[PDB]
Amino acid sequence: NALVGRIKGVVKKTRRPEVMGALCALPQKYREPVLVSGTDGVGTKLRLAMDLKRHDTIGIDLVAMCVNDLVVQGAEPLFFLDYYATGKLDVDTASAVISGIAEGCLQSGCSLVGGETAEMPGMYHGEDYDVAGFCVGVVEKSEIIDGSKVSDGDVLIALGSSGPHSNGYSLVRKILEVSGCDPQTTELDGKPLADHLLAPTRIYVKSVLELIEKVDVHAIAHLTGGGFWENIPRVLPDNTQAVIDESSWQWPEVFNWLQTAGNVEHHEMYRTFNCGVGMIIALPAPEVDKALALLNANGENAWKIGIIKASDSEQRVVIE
């Protein structure tokens, strides 16, 4: 009861004109609208945000995981829901989470149109909580990005990440335990290590939506669980191989610290962590200069990261 009164303003402030047990009409511009949907959790980053007592941006990570997966197919995020499960409801912690959710929905252009708070005393111990996200997007049927147009000679453009995002934090913590350092006191390029690790996931919705209107995009890969190895081949057609130019960008320093402190090997770094790349965009080579100029001039760190070449190799991704 004390929660719904505090979150009524954050639901109303995200309301789109299409919003009217949650009612939402389709945007008027779509002729053959196709609905794009997905659900997600934050992951182990919750328990790291709990240990540091900072839940401010954890709701941004939840929305970002959703909406970045929708926009891969060219979908425009429409509305969002959450399922907040906890043992004993901390009104202050839940309000901070939902506020971060509202902030992520505003960056995505979608409305927080409802949700539920459930209390399970025997299941969750302490003040722990698990939040499930749900987003629905709309894409024009003729403009769905399926990756079939990915051909030999396409160039890969990377979008820089704000940090580890919401994947790999089970290894992050395990590295913190063996190293035995305080993330709040361990300074790292002028900031504490905790700030590098708790940085919310970058939301790529608006910049990728602008890119699709202006250049011909063949495929987009959101680097989440599994990193480069698992997520890049999901958008590759048969008999294609992505060759990442490792020298084309420097790792953000947080990933250097994680490798040294955990003695993490090369292949494992690119599986568990994004290593500074939030998304990879496959597009024809003549479109690259237009895309790089658009993305970099509109709040993104974009650079040429690799190429797609014809290859029947079973190793679909090469990082050399």
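All residue numbers are counted from 1 along the displayed sequence.
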{"property": "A297-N298 interval: deposited residues absent from the model", "result": "none"}
{"property": "Residue stretch of maximal mean CA temperature factor, 94-102 vs 243-251", "result": "94-102"}
{"property": "42-50 set against 276-284, stretch whose average Cα temperature factor tops the other in the entry", "result": "42-50"}
{"property": "Among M123, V205, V139, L159 - the residue whose C-alpha B-factor is largest in the record", "result": "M123"}
{"property": "Out of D289, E32, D61, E265, highest CA B-factor residue", "result": "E32"}
{"property": "Chain-wide C-alpha B factor ranking for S37, given as lowest, middle or highest third", "result": "middle"}
{"property": "Third of chain Cα B-factors occupied by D182", "result": "highest"}
{"property": "Third of the chain, ranked by Cα B-factor, where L89 sits", "result": "highest"}
{"property": "For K309, the third of its chain into which the C-alpha B factor falls", "result": "middle"}
{"property": "Entry-reported Cα temperature factor of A22, expressed as the chain third it lands in", "result": "highest"}
